[PDB]
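Here's a solo chain for you in structure tokens, the form deposited in one PDB entry.
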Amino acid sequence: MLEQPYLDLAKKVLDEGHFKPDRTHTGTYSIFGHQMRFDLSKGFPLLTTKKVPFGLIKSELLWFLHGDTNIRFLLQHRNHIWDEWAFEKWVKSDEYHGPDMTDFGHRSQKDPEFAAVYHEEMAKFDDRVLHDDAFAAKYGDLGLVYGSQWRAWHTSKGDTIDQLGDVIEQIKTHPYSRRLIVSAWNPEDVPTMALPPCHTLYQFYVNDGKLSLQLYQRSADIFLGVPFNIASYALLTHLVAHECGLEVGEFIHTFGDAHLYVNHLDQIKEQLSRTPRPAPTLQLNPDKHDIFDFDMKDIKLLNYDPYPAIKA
């Protein structure tokens, strides 16, 4: 079925993965250079073998598509998936007068006492980002995240460049261009920045009135990250095609390193006993074609029939 390459990736890393000691107190099993392919005409590749929250994917992608890098927009859509790096910055500042949150991630699972403390300081941060404009400006803005790299790339000469916007124009006038490329990898930023982008680069291609995209992803958390990643980029492919008036082709997901953490193994093993169901179908607003101006309600997911989420 449509999602089978995900399951085959997971099982390959499980049976043939190379073990490597990890930055964060674990190990990983990984393979290098694996590719998955998804024929978008066959359905939307949101995994049926584990519930994946399509709401969060949708609002995060709209966020990128706005060139937005401020978490306030995500909070306004009840999306907390970028909160941590924003919190991670405010906590390391002068203004922060509360309890110490050094290595707050590590201590959250281990001590159920500190967890409820951080739950509350992160509640304080969020509400304040939502209502305090000056605060949103200082701490809500992540600076160098996908929205800036895709839509406002900073040039040596003080200027800024909308790569994806330029590429979409190129798809419409030069569909057979071999240069329909959006990169998120800036050699000037990457030595110091918070996270050198995992979704390093993507490329479009058109044949027979159908739009394909290839993503090159240097590093992938197969269990937690990849299911979101597959969905965002497939969504992005549909959105770009919709705007250019084309049909959908393939999404080709190419990896550098793709890995499982030594502590996530039972979860993925249990997921592999599950049997893919028919894929859902995506529907887009027939009246809107500028995706830089799309809203949540312009995107509908039909007939999604997933197995339970796995909390792991």
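Under this definition, the rigid core comprises the largest set of C-alpha atoms superposing within 1.5 Å between the forms. The first residue of the sequence shown is number 1, and the count goes up from there. Shifts are known only where both forms have a C-alpha.
Name the higher of the two by mean Cα B-factor in the PDB entry, 256-264 versus 30-38. Taking the mean C-alpha B-factor of 256-264 and of 30-38, the larger value falls to 256-264.
Pick between 50-58 and 283-291: the one whose mean CA B-factor in the entry is higher. Between 50-58 and 283-291, it is 283-291.
Looking at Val240, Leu130, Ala184, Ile171, which has the highest CA B-factor as recorded? When the deposited C-alpha B-factors of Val240, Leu130, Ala184, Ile171 are compared, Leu130 is largest.
Given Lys210, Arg179, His199, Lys157, identify the residue with the highest C-alpha B factor in the PDB entry. When the deposited C-alpha B-factors of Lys210, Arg179, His199, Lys157 are compared, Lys157 is largest.
Would you mind ranking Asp221 by its C-alpha B-factor against the rest of the chain and naming the third, lowest, middle or highest? Lowest third, going by the recorded CA B-factors of the chain.
Once the chain's modelled residues are ordered by C-alpha B factor and cut into thirds, is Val167 in the lowest, middle or highest one? It belongs to the lowest third of the chain when residues are ordered by C-alpha B-factor.
Relative to the other modelled residues of the same chain, rank the CA B-factor of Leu195 and answer lowest, middle or highest third. It belongs to the middle third of the chain when residues are ordered by C-alpha B-factor.
Record-listed C-alpha B factor of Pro175: chain third: According to the entry, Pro175 has a C-alpha B-factor in the chain's middle third.
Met1: which third of its chain by C-alpha temperature factor? According to the entry, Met1 has a C-alpha B-factor in the chain's middle third.
From this point on, the text means the form deposited in another entry, which you will not see here.
Fix the rigid core, compare C-alpha positions between this form and the one not shown, and report which of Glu120, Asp111, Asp166, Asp133 shifts by 2 Å or more. By this measure, the answer is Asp111.
Shift of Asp22 between this form and the one not shown at or above 2 Å (CA, core fit): After core superposition, the displacement of the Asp22 C-alpha between this form and the one not shown reaches the 2 Å mark, so yes.
After superposing on the rigid core, which segments of 3 or more consecutive residues have every C-alpha shifted by 2 Å or more between this form and the one not shown? Runs with every C-alpha shifted by at least 2 Å: 22-25, 109-112.
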